[PDB]
>>> print(open('structure00.cif').read())   # mmCIF, C-alpha atoms and all ligand atoms
data_entry
#
loop_
_atom_site.label_atom_id
_atom_site.label_comp_id
_atom_site.auth_asym_id
_atom_site.auth_seq_id
_atom_site.Cartn_x
_atom_site.Cartn_y
_atom_site.Cartn_z
CA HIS J 1 0.41 12.95 19.78
CA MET J 2 0.86 9.25 18.71
CA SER J 3 -0.48 6.02 20.29
CA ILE J 4 2.24 3.67 21.68
CA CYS J 5 2.46 -0.14 21.91
CA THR J 6 2.47 -1.86 25.35
CA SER J 7 5.57 -3.74 26.56
CA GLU J 8 3.63 -7.07 26.18
CA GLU J 9 2.84 -6.29 22.50
CA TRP J 10 6.43 -5.72 21.29
CA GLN J 11 7.87 -8.48 23.58
CA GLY J 12 5.25 -10.86 22.10
CA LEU J 13 6.50 -9.89 18.61
CA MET J 14 10.18 -10.49 19.58
CA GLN J 15 9.40 -14.19 20.35
CA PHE J 16 7.31 -14.72 17.21
CA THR J 17 8.48 -17.54 14.95
CA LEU J 18 6.84 -18.04 11.55
CA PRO J 19 5.36 -21.51 10.67
CA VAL J 20 7.74 -23.24 8.18
CA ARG J 21 4.83 -23.90 5.72
CA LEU J 22 4.34 -20.05 5.38
CA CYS J 23 8.04 -19.33 4.48
CA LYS J 24 7.40 -20.82 1.01
CA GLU J 25 3.99 -19.02 0.42
CA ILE J 26 5.25 -15.55 1.41
CA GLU J 27 7.67 -15.42 -1.62
CA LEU J 28 4.80 -15.52 -4.13
CA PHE J 29 3.16 -12.30 -5.43
CA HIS J 30 -0.36 -13.82 -5.11
CA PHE J 31 0.10 -14.44 -1.33
CA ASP J 32 -2.98 -13.37 0.68
CA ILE J 33 -2.28 -12.41 4.30
CA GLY J 34 -6.06 -12.39 5.02
CA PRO J 35 -6.32 -15.72 6.97
CA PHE J 36 -3.33 -15.03 9.36
CA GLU J 37 -4.30 -11.89 11.32
CA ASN J 38 -2.42 -12.93 14.52
CA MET J 39 0.80 -13.29 12.46
CA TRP J 40 0.69 -9.94 10.56
CA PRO J 41 3.33 -8.06 12.71
CA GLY J 42 5.43 -11.24 12.61
CA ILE J 43 5.14 -11.56 8.80
CA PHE J 44 6.52 -7.95 8.48
CA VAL J 45 9.55 -8.81 10.78
CA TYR J 46 10.21 -11.96 8.71
CA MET J 47 10.02 -9.81 5.49
CA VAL J 48 12.41 -7.14 6.78
CA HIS J 49 14.92 -9.88 7.86
CA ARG J 50 14.64 -11.73 4.58
CA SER J 51 15.02 -8.54 2.49
CA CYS J 52 17.75 -6.69 4.45
CA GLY J 53 19.35 -9.52 6.59
CA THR J 54 18.74 -10.66 10.24
CA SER J 55 20.72 -7.65 11.75
CA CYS J 56 19.52 -4.65 9.57
CA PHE J 57 17.60 -3.18 12.59
CA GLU J 58 17.94 -3.37 16.39
CA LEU J 59 15.30 -6.20 16.86
CA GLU J 60 13.90 -4.47 19.99
CA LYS J 61 13.40 -1.07 18.20
CA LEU J 62 11.88 -2.76 15.10
CA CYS J 63 9.28 -4.66 17.20
CA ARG J 64 8.29 -1.46 19.07
CA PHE J 65 8.05 0.59 15.82
CA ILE J 66 5.84 -2.18 14.19
CA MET J 67 3.35 -2.48 17.13
CA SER J 68 3.00 1.32 17.44
CA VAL J 69 2.44 1.62 13.67
CA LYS J 70 -0.36 -1.00 14.14
CA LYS J 71 -1.87 1.09 16.98
CA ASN J 72 -2.02 4.29 14.84
CA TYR J 73 -4.09 2.71 12.02
CA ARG J 74 -7.83 3.16 12.60
CA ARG J 75 -10.80 0.74 12.58
CA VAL J 76 -11.98 1.84 9.10
CA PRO J 77 -13.32 -0.68 6.50
CA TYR J 78 -10.34 -0.51 4.13
CA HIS J 79 -7.44 1.88 4.95
CA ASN J 80 -6.54 -0.14 8.08
CA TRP J 81 -3.64 -2.30 9.43
CA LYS J 82 -4.56 -5.18 7.07
CA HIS J 83 -4.07 -2.80 4.10
CA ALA J 84 -0.62 -1.64 5.38
CA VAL J 85 0.70 -5.23 5.70
CA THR J 86 -0.79 -6.27 2.33
CA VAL J 87 0.98 -3.26 0.64
CA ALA J 88 4.26 -4.06 2.49
CA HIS J 89 4.09 -7.71 1.37
CA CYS J 90 3.69 -6.73 -2.31
CA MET J 91 6.79 -4.44 -1.93
CA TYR J 92 8.67 -7.39 -0.33
CA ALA J 93 7.88 -9.65 -3.29
CA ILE J 94 8.87 -6.90 -5.79
CA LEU J 95 12.16 -6.25 -3.87
CA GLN J 96 13.01 -10.02 -3.60
CA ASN J 97 12.52 -10.49 -7.37
CA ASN J 98 14.76 -7.45 -8.18
CA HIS J 99 16.98 -7.39 -5.00
CA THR J 100 20.35 -5.92 -6.24
CA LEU J 101 18.63 -3.31 -8.54
CA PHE J 102 17.88 -1.57 -5.16
CA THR J 103 20.28 -0.57 -2.39
CA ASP J 104 20.00 -1.71 1.24
CA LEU J 105 18.87 1.86 2.18
CA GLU J 106 16.03 1.88 -0.44
CA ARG J 107 14.85 -1.61 0.70
CA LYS J 108 14.69 -0.49 4.36
CA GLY J 109 12.97 2.80 3.44
CA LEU J 110 10.44 1.22 1.00
CA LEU J 111 9.30 -1.61 3.33
CA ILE J 112 8.78 0.84 6.19
CA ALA J 113 7.14 3.47 3.83
CA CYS J 114 4.63 0.76 2.72
CA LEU J 115 3.77 -0.14 6.33
CA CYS J 116 3.26 3.60 7.15
CA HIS J 117 1.77 4.89 3.84
CA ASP J 118 -1.88 5.20 5.16
CA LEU J 119 -1.11 5.93 8.90
CA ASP J 120 -4.05 7.63 10.68
CA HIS J 121 -6.38 7.35 7.56
CA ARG J 122 -9.90 8.36 8.61
CA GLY J 123 -11.70 6.67 5.69
CA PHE J 124 -12.18 10.01 3.89
CA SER J 125 -10.73 10.94 0.45
CA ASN J 126 -8.68 14.04 -0.54
CA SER J 127 -11.84 15.28 -2.44
CA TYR J 128 -13.94 15.16 0.82
CA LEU J 129 -11.29 17.02 2.96
CA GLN J 130 -10.88 19.68 0.23
CA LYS J 131 -14.67 20.03 -0.52
CA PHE J 132 -15.51 20.47 3.19
CA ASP J 133 -12.43 22.63 4.02
CA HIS J 134 -11.04 20.29 6.70
CA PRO J 135 -7.95 21.75 8.59
CA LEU J 136 -5.76 19.08 6.86
CA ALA J 137 -6.63 20.60 3.43
CA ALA J 138 -5.45 24.05 4.74
CA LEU J 139 -2.11 22.63 6.00
CA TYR J 140 -1.63 20.43 2.88
CA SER J 141 -2.88 21.95 -0.41
CA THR J 142 -2.25 18.91 -2.73
CA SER J 143 -1.83 15.16 -1.79
CA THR J 144 -3.47 16.20 1.53
CA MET J 145 -3.71 12.76 3.21
CA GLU J 146 -0.32 11.56 1.87
CA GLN J 147 1.49 14.56 3.36
CA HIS J 148 -0.35 13.74 6.65
CA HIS J 149 0.70 10.01 6.44
CA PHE J 150 4.38 11.00 6.10
CA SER J 151 4.04 13.55 8.95
CA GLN J 152 2.67 10.61 11.07
CA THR J 153 5.56 8.29 10.05
CA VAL J 154 8.18 10.90 11.21
CA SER J 155 6.26 11.26 14.53
CA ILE J 156 6.44 7.48 15.30
CA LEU J 157 10.20 7.45 14.51
CA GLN J 158 10.38 10.41 16.97
CA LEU J 159 9.14 8.20 19.88
CA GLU J 160 11.65 6.93 22.49
CA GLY J 161 13.04 3.56 21.43
CA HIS J 162 11.22 3.75 18.05
CA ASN J 163 13.94 5.31 15.80
CA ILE J 164 15.02 2.22 13.83
CA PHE J 165 17.18 4.51 11.60
CA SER J 166 19.09 6.43 14.36
CA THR J 167 22.24 4.23 13.72
CA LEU J 168 22.53 5.32 10.06
CA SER J 169 25.29 7.85 9.23
CA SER J 170 24.02 11.50 9.02
CA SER J 171 23.91 11.40 5.17
CA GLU J 172 22.13 8.01 4.72
CA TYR J 173 19.57 9.06 7.40
CA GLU J 174 18.49 12.17 5.40
CA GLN J 175 18.57 9.94 2.27
CA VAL J 176 16.24 7.25 3.82
CA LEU J 177 13.74 9.82 5.10
CA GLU J 178 13.62 11.35 1.59
CA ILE J 179 13.11 7.91 0.01
CA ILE J 180 10.15 7.49 2.46
CA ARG J 181 8.66 10.94 1.88
CA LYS J 182 8.72 10.50 -1.94
CA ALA J 183 7.32 6.92 -1.66
CA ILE J 184 4.32 8.04 0.48
CA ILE J 185 3.46 11.13 -1.74
CA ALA J 186 3.61 8.79 -4.80
CA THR J 187 0.66 6.82 -3.24
CA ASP J 188 -1.67 9.79 -4.13
CA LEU J 189 -3.40 8.26 -7.23
CA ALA J 190 -3.79 11.80 -8.72
CA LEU J 191 0.02 11.76 -9.40
CA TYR J 192 0.08 8.22 -10.78
CA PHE J 193 -1.45 9.19 -14.22
CA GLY J 194 1.39 11.62 -15.03
CA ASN J 195 4.00 9.28 -13.54
CA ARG J 196 2.99 6.31 -15.75
CA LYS J 197 2.87 8.42 -19.00
CA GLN J 198 6.36 9.89 -18.24
CA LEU J 199 7.68 6.31 -17.56
CA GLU J 200 6.04 4.79 -20.68
CA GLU J 201 7.61 7.45 -22.99
CA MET J 202 11.09 7.00 -21.38
CA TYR J 203 10.76 3.19 -21.87
CA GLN J 204 9.51 3.25 -25.54
CA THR J 205 12.26 5.82 -26.49
CA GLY J 206 14.95 3.97 -24.52
CA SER J 207 15.96 7.01 -22.40
CA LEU J 208 14.95 5.12 -19.16
CA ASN J 209 18.11 4.83 -16.99
CA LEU J 210 17.97 3.51 -13.38
CA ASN J 211 21.26 5.25 -12.56
CA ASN J 212 19.46 8.62 -13.21
CA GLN J 213 18.00 9.67 -9.76
CA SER J 214 14.91 11.37 -11.29
CA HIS J 215 14.18 8.10 -13.17
CA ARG J 216 14.79 5.98 -10.00
CA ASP J 217 12.26 8.16 -8.08
CA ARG J 218 9.60 7.67 -10.78
CA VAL J 219 10.18 3.85 -10.92
CA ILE J 220 9.84 3.72 -7.08
CA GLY J 221 6.72 5.84 -7.48
CA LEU J 222 5.18 3.32 -9.88
CA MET J 223 6.20 0.46 -7.47
CA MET J 224 4.34 2.31 -4.69
CA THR J 225 1.14 2.49 -6.84
CA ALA J 226 1.53 -1.15 -7.85
CA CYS J 227 1.71 -2.23 -4.20
CA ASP J 228 -1.11 0.14 -3.07
CA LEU J 229 -3.46 -1.44 -5.63
CA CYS J 230 -2.20 -5.10 -5.33
CA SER J 231 -5.73 -6.27 -4.21
CA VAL J 232 -6.40 -6.49 -8.02
CA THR J 233 -3.50 -9.03 -8.34
CA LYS J 234 -4.82 -11.68 -5.87
CA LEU J 235 -6.82 -14.87 -6.66
CA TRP J 236 -10.33 -13.73 -7.73
CA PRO J 237 -12.24 -14.47 -4.41
CA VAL J 238 -9.66 -12.43 -2.44
CA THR J 239 -9.78 -9.60 -5.08
CA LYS J 240 -13.61 -9.61 -4.84
CA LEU J 241 -13.70 -9.59 -0.97
CA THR J 242 -11.20 -6.67 -0.71
CA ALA J 243 -13.39 -4.81 -3.34
CA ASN J 244 -16.27 -5.19 -0.83
CA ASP J 245 -14.09 -3.50 1.87
CA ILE J 246 -12.99 -0.74 -0.55
CA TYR J 247 -16.65 0.00 -1.52
CA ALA J 248 -17.82 -0.23 2.16
CA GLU J 249 -15.47 2.76 2.86
CA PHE J 250 -16.55 4.72 -0.29
CA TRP J 251 -20.24 4.18 0.68
CA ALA J 252 -19.61 5.45 4.27
CA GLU J 253 -18.07 8.63 2.82
CA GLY J 254 -21.00 8.97 0.38
CA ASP J 255 -23.38 8.47 3.37
CA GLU J 256 -21.59 11.36 5.15
CA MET J 257 -22.08 13.60 2.06
CA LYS J 258 -25.86 12.84 1.85
CA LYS J 259 -26.10 13.83 5.60
CA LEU J 260 -24.47 17.18 4.54
CA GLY J 261 -26.97 17.73 1.69
CA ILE J 262 -24.59 16.70 -1.14
CA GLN J 263 -25.27 13.93 -3.69
CA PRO J 264 -22.03 11.86 -3.88
CA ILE J 265 -20.42 10.53 -7.07
CA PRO J 266 -22.13 7.22 -8.10
CA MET J 267 -19.04 5.21 -6.92
CA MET J 268 -19.62 6.50 -3.33
CA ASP J 269 -23.42 5.98 -3.48
CA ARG J 270 -24.70 2.77 -1.78
CA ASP J 271 -27.99 3.13 -3.77
CA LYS J 272 -25.94 2.69 -7.04
CA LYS J 273 -24.35 -0.81 -6.51
CA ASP J 274 -25.46 -1.98 -10.01
CA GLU J 275 -22.87 0.49 -11.38
CA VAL J 276 -19.94 -1.23 -9.54
CA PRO J 277 -19.04 -3.96 -12.24
CA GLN J 278 -18.79 -1.23 -14.94
CA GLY J 279 -16.83 1.08 -12.59
CA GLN J 280 -14.33 -1.73 -11.83
CA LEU J 281 -13.98 -2.27 -15.64
CA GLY J 282 -13.13 1.44 -15.96
CA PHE J 283 -10.70 1.26 -13.02
CA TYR J 284 -8.81 -1.75 -14.46
CA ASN J 285 -8.67 -0.25 -18.00
CA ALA J 286 -7.58 3.24 -16.89
CA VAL J 287 -5.54 2.53 -13.74
CA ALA J 288 -4.65 -1.13 -12.90
CA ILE J 289 -3.81 -2.78 -16.31
CA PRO J 290 -1.60 0.27 -17.37
CA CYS J 291 0.22 0.34 -14.01
CA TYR J 292 1.20 -3.37 -14.14
CA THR J 293 1.89 -3.26 -17.95
CA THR J 294 4.46 -0.43 -17.40
CA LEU J 295 5.88 -1.99 -14.20
CA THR J 296 6.34 -5.33 -16.10
CA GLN J 297 8.19 -3.63 -19.05
CA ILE J 298 10.58 -1.92 -16.56
CA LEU J 299 10.93 -4.86 -14.11
CA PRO J 300 10.22 -8.08 -16.06
CA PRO J 301 10.11 -10.28 -12.82
CA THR J 302 6.85 -8.48 -11.79
CA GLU J 303 5.00 -10.12 -14.78
CA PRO J 304 2.83 -12.29 -12.36
CA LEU J 305 1.14 -9.09 -11.00
CA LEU J 306 0.12 -8.18 -14.63
CA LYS J 307 -1.00 -11.74 -15.42
CA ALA J 308 -3.18 -11.86 -12.24
CA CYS J 309 -4.61 -8.32 -12.92
CA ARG J 310 -5.62 -9.46 -16.52
CA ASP J 311 -7.31 -12.58 -14.99
CA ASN J 312 -9.28 -10.33 -12.56
CA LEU J 313 -10.33 -8.00 -15.43
CA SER J 314 -11.74 -11.24 -17.16
CA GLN J 315 -13.68 -12.05 -13.95
CA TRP J 316 -15.22 -8.52 -13.80
CA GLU J 317 -16.22 -8.89 -17.51
CA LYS J 318 -17.79 -12.29 -16.57
CA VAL J 319 -19.84 -10.47 -13.82
CA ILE J 320 -21.16 -7.94 -16.45
CA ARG J 321 -22.25 -10.85 -18.78
CA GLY J 322 -24.13 -12.45 -15.80
CA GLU J 323 -21.88 -15.63 -15.84
CA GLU J 324 -20.69 -15.54 -12.15
CA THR J 325 -21.02 -18.53 -9.75
CA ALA J 326 -20.24 -18.94 -5.93
CA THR J 327 -20.77 -15.81 -3.55
CA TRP J 328 -19.89 -15.27 0.21
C1 LIG J 401 -10.62 -2.40 -6.58
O1 LIG J 401 -11.06 -1.23 -7.27
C2 LIG J 401 -10.52 -0.08 -6.73
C3 LIG J 401 -9.42 -0.10 -5.90
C4 LIG J 401 -8.90 1.06 -5.38
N1 LIG J 401 -7.83 1.00 -4.58
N2 LIG J 401 -7.29 2.01 -4.08
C5 LIG J 401 -7.83 3.19 -4.37
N3 LIG J 401 -7.41 4.42 -3.95
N4 LIG J 401 -8.14 5.43 -4.42
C6 LIG J 401 -9.06 4.82 -5.19
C7 LIG J 401 -10.03 5.68 -5.86
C8 LIG J 401 -8.92 3.41 -5.20
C9 LIG J 401 -9.50 2.26 -5.73
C10 LIG J 401 -10.60 2.30 -6.56
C11 LIG J 401 -11.12 1.12 -7.07
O2 LIG J 401 -12.22 1.07 -7.93
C12 LIG J 401 -12.70 2.39 -8.22
MG MG J 402 -3.28 6.40 0.69
ZN ZN J 403 -2.97 2.70 0.50
#
>>> encode(input="structure00.cif", output="structure tokens")
Amino acid sequence: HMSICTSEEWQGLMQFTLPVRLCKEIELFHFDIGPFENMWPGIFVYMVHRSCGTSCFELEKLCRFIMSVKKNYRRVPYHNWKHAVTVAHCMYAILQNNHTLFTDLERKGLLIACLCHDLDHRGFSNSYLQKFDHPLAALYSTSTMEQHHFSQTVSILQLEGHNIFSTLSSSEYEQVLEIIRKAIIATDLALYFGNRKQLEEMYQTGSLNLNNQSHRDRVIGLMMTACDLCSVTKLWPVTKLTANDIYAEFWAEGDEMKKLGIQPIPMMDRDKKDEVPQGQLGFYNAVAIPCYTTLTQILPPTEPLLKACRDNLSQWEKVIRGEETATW
């Protein structure tokens, strides 16, 4: 089954008011939610209301959905509740800077898909679950975890007083759930590589057309990747601290593989930390920089994500040259 929020939890969220100083900061792509843990459910409510209006959801149902989503994220080093809210905030900023390019239905579906995209993550990759024939790999052949995250999202909506979409007409309901399903599967990085090459060719040739549903799905797919990886778009100390959380989870998986008699890939090996600055360089060159370059060409208002990603690539290159200061 699914874990449920207490009455105190969602009632506490209903009376949450955001500090006026934060209303300005939240609009910016570089916004770091890190220092405001007590306000994270409240920041999501504010985002929903700012993106889709104050009445888009029955306030009571929205607060219950949010606090139960929080309760079904695990205490893992990276794929946790903090990650969900960070990903949802990047989607908010993208949607605010390109608001009428997207319909009300898409905005509702995308913000909720971002909050739910890693629901019940156990801190183990698709490679681990496949390699060690976990039941999840038998149920879901490809994009194993992502198909499980969506399955988890539908289950929360299926709880009493949690279906925030039950008031949509029969047709827009099916439409929103499909927007959500496609958004969550798109967060499987395996699919990103093909998605970005298909989008780049459509852009360079001028065939890219947002009124074409297949094109719309791919653009939303790239937006999902862009949000999922947005830790590489923050101010350098935030980017570096999240990288510590990301590697703490990879090293725990690698530790599990060594217990099983299998040498992990160097990236998951805590005895190979000297290889991290070069691995980040490879990740930015092959994954991050291309993602934001393509997203920027399609949606010019997202240029700050690209700019910030280029600045963080410079910082990683400074680490390799032994020019870094600070720490902590
Ligand atoms: C900050 O560097 C990284 C960020 C990441 N974020 N999400 C990820 N999902 N799956 C993978 C493999 C991710 C990943 C990898 C990174 O370096 C290798
Ligand atoms: Mg994921
Ligand atoms: Zn994620």
>>> residues_near_ligand(input="structure00.cif", ligand="ligand MG 402 (chain J)", cutoff="12 Å", atoms="all atoms listed in the file", output="PDB file with C-alpha atoms, in the frame of the given file")
ATOM      1  CA  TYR J  73      -4.090   2.710  12.020  1.00  0.00           C
ATOM      2  CA  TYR J  78     -10.340  -0.510   4.130  1.00  0.00           C
ATOM      3  CA  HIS J  79      -7.440   1.880   4.950  1.00  0.00           C
ATOM      4  CA  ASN J  80      -6.540  -0.140   8.080  1.00  0.00           C
ATOM      5  CA  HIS J  83      -4.070  -2.800   4.100  1.00  0.00           C
ATOM      6  CA  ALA J  84      -0.620  -1.640   5.380  1.00  0.00           C
ATOM      7  CA  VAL J  87       0.980  -3.260   0.640  1.00  0.00           C
ATOM      8  CA  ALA J 113       7.140   3.470   3.830  1.00  0.00           C
ATOM      9  CA  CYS J 114       4.630   0.760   2.720  1.00  0.00           C
ATOM     10  CA  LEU J 115       3.770  -0.140   6.330  1.00  0.00           C
ATOM     11  CA  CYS J 116       3.260   3.600   7.150  1.00  0.00           C
ATOM     12  CA  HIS J 117       1.770   4.890   3.840  1.00  0.00           C
ATOM     13  CA  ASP J 118      -1.880   5.200   5.160  1.00  0.00           C
ATOM     14  CA  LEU J 119      -1.110   5.930   8.900  1.00  0.00           C
ATOM     15  CA  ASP J 120      -4.050   7.630  10.680  1.00  0.00           C
ATOM     16  CA  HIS J 121      -6.380   7.350   7.560  1.00  0.00           C
ATOM     17  CA  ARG J 122      -9.900   8.360   8.610  1.00  0.00           C
ATOM     18  CA  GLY J 123     -11.700   6.670   5.690  1.00  0.00           C
ATOM     19  CA  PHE J 124     -12.180  10.010   3.890  1.00  0.00           C
ATOM     20  CA  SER J 125     -10.730  10.940   0.450  1.00  0.00           C
ATOM     21  CA  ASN J 126      -8.680  14.040  -0.540  1.00  0.00           C
ATOM     22  CA  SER J 143      -1.830  15.160  -1.790  1.00  0.00           C
ATOM     23  CA  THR J 144      -3.470  16.200   1.530  1.00  0.00           C
ATOM     24  CA  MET J 145      -3.710  12.760   3.210  1.00  0.00           C
ATOM     25  CA  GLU J 146      -0.320  11.560   1.870  1.00  0.00           C
ATOM     26  CA  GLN J 147       1.490  14.560   3.360  1.00  0.00           C
ATOM     27  CA  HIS J 148      -0.350  13.740   6.650  1.00  0.00           C
ATOM     28  CA  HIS J 149       0.700  10.010   6.440  1.00  0.00           C
ATOM     29  CA  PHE J 150       4.380  11.000   6.100  1.00  0.00           C
ATOM     30  CA  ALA J 183       7.320   6.920  -1.660  1.00  0.00           C
ATOM     31  CA  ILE J 184       4.320   8.040   0.480  1.00  0.00           C
ATOM     32  CA  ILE J 185       3.460  11.130  -1.740  1.00  0.00           C
ATOM     33  CA  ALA J 186       3.610   8.790  -4.800  1.00  0.00           C
ATOM     34  CA  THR J 187       0.660   6.820  -3.240  1.00  0.00           C
ATOM     35  CA  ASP J 188      -1.670   9.790  -4.130  1.00  0.00           C
ATOM     36  CA  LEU J 189      -3.400   8.260  -7.230  1.00  0.00           C
ATOM     37  CA  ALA J 190      -3.790  11.800  -8.720  1.00  0.00           C
ATOM     38  CA  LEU J 191       0.020  11.760  -9.400  1.00  0.00           C
ATOM     39  CA  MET J 224       4.340   2.310  -4.690  1.00  0.00           C
ATOM     40  CA  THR J 225       1.140   2.490  -6.840  1.00  0.00           C
ATOM     41  CA  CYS J 227       1.710  -2.230  -4.200  1.00  0.00           C
ATOM     42  CA  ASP J 228      -1.110   0.140  -3.070  1.00  0.00           C
ATOM     43  CA  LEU J 229      -3.460  -1.440  -5.630  1.00  0.00           C
TER      44      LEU J 229
END
>>> atom_distance(input="structure00.cif", atom1="CA of residue 255 (chain J)", atom2="atom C7 of ligand LIG 401 (chain J)")
16.5 Å
>>> closest_atom_pairs(input="structure00.cif", of="chain J", to="ligand LIG 401 (chain J)", cutoff="9 Å", atoms="only C-alpha atoms and all ligand atoms", output="Markdown table")
| residue | atom | partner | partner_atom | distance |
| --- | --- | --- | --- | --- |
| J:125 | CA | J:LIG401 | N4 | 7.8 |
| J:187 | CA | J:LIG401 | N3 | 8.4 |
| J:188 | CA | J:LIG401 | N4 | 7.8 |
| J:189 | CA | J:LIG401 | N4 | 6.2 |
| J:190 | CA | J:LIG401 | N4 | 8.8 |
| J:225 | CA | J:LIG401 | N2 | 8.9 |
| J:228 | CA | J:LIG401 | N2 | 6.5 |
| J:229 | CA | J:LIG401 | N1 | 5.1 |
| J:230 | CA | J:LIG401 | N1 | 8.3 |
| J:231 | CA | J:LIG401 | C1 | 6.7 |
| J:232 | CA | J:LIG401 | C1 | 6.1 |
| J:239 | CA | J:LIG401 | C1 | 7.4 |
| J:240 | CA | J:LIG401 | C1 | 8.0 |
| J:242 | CA | J:LIG401 | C1 | 7.3 |
| J:243 | CA | J:LIG401 | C1 | 4.9 |
| J:244 | CA | J:LIG401 | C1 | 8.5 |
| J:246 | CA | J:LIG401 | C3 | 6.5 |
| J:247 | CA | J:LIG401 | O2 | 7.9 |
| J:250 | CA | J:LIG401 | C7 | 8.6 |
| J:267 | CA | J:LIG401 | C12 | 7.1 |
| J:276 | CA | J:LIG401 | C12 | 8.2 |
| J:279 | CA | J:LIG401 | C12 | 6.2 |
| J:280 | CA | J:LIG401 | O2 | 5.2 |
| J:281 | CA | J:LIG401 | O2 | 8.6 |
| J:282 | CA | J:LIG401 | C12 | 7.8 |
| J:283 | CA | J:LIG401 | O2 | 5.3 |
| J:284 | CA | J:LIG401 | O1 | 7.6 |
| J:287 | CA | J:LIG401 | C10 | 8.8 |
| J:288 | CA | J:LIG401 | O1 | 8.5 |
>>> atom_distance(input="structure00.cif", atom1="CA of residue 77 (chain J)", atom2="CA of residue 38 (chain J)")
18.3 Å
>>> atom_distance(input="structure00.cif", atom1="CA of residue 278 (chain J)", atom2="CA of residue 319 (chain J)")
9.4 Å
>>> build_atoms(input="structure00.cif", residues="region 298-316 of chain J", atoms="N, CA and C atoms", output="compact mmCIF listing (two decimals), keeping the file's coordinate frame")
# COMPACT_ATOMS: atom_id res chain seq x y z
N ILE J 298 9.42 -2.43 -17.30
CA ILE J 298 10.58 -1.92 -16.56
C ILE J 298 11.25 -3.03 -15.74
N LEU J 299 10.45 -3.78 -14.97
CA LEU J 299 10.93 -4.86 -14.11
C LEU J 299 10.25 -6.13 -14.56
N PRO J 300 10.84 -6.84 -15.56
CA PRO J 300 10.22 -8.08 -16.06
C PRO J 300 9.84 -9.12 -14.97
N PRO J 301 10.55 -9.28 -13.82
CA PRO J 301 10.11 -10.28 -12.82
C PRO J 301 8.74 -10.05 -12.17
N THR J 302 8.15 -8.86 -12.35
CA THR J 302 6.85 -8.48 -11.79
C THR J 302 5.68 -8.89 -12.69
N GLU J 303 5.98 -9.60 -13.82
CA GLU J 303 5.00 -10.12 -14.78
C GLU J 303 3.81 -10.85 -14.09
N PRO J 304 4.00 -11.64 -12.99
CA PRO J 304 2.83 -12.29 -12.36
C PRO J 304 1.75 -11.33 -11.88
N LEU J 305 2.12 -10.09 -11.44
CA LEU J 305 1.14 -9.09 -11.00
C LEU J 305 0.22 -8.74 -12.18
N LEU J 306 0.82 -8.48 -13.38
CA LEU J 306 0.12 -8.18 -14.63
C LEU J 306 -0.79 -9.30 -15.03
N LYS J 307 -0.26 -10.54 -15.06
CA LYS J 307 -1.00 -11.74 -15.42
C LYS J 307 -2.24 -11.86 -14.55
N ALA J 308 -2.08 -11.76 -13.21
CA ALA J 308 -3.18 -11.86 -12.24
C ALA J 308 -4.20 -10.71 -12.41
N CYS J 309 -3.72 -9.48 -12.69
CA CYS J 309 -4.61 -8.32 -12.92
C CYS J 309 -5.50 -8.56 -14.19
N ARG J 310 -4.91 -9.12 -15.28
CA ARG J 310 -5.62 -9.46 -16.52
C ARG J 310 -6.69 -10.52 -16.27
N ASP J 311 -6.38 -11.52 -15.38
CA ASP J 311 -7.31 -12.58 -14.99
C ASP J 311 -8.46 -11.99 -14.21
N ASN J 312 -8.20 -10.98 -13.33
CA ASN J 312 -9.28 -10.33 -12.56
C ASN J 312 -10.15 -9.42 -13.43
N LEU J 313 -9.56 -8.78 -14.46
CA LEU J 313 -10.33 -8.00 -15.43
C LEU J 313 -11.35 -8.96 -16.13
N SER J 314 -10.90 -10.18 -16.54
CA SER J 314 -11.74 -11.24 -17.16
C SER J 314 -12.92 -11.59 -16.28
N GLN J 315 -12.68 -11.73 -14.96
CA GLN J 315 -13.68 -12.05 -13.95
C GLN J 315 -14.72 -10.94 -13.83
N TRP J 316 -14.28 -9.66 -13.83
CA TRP J 316 -15.22 -8.52 -13.80
C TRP J 316 -16.10 -8.48 -15.04
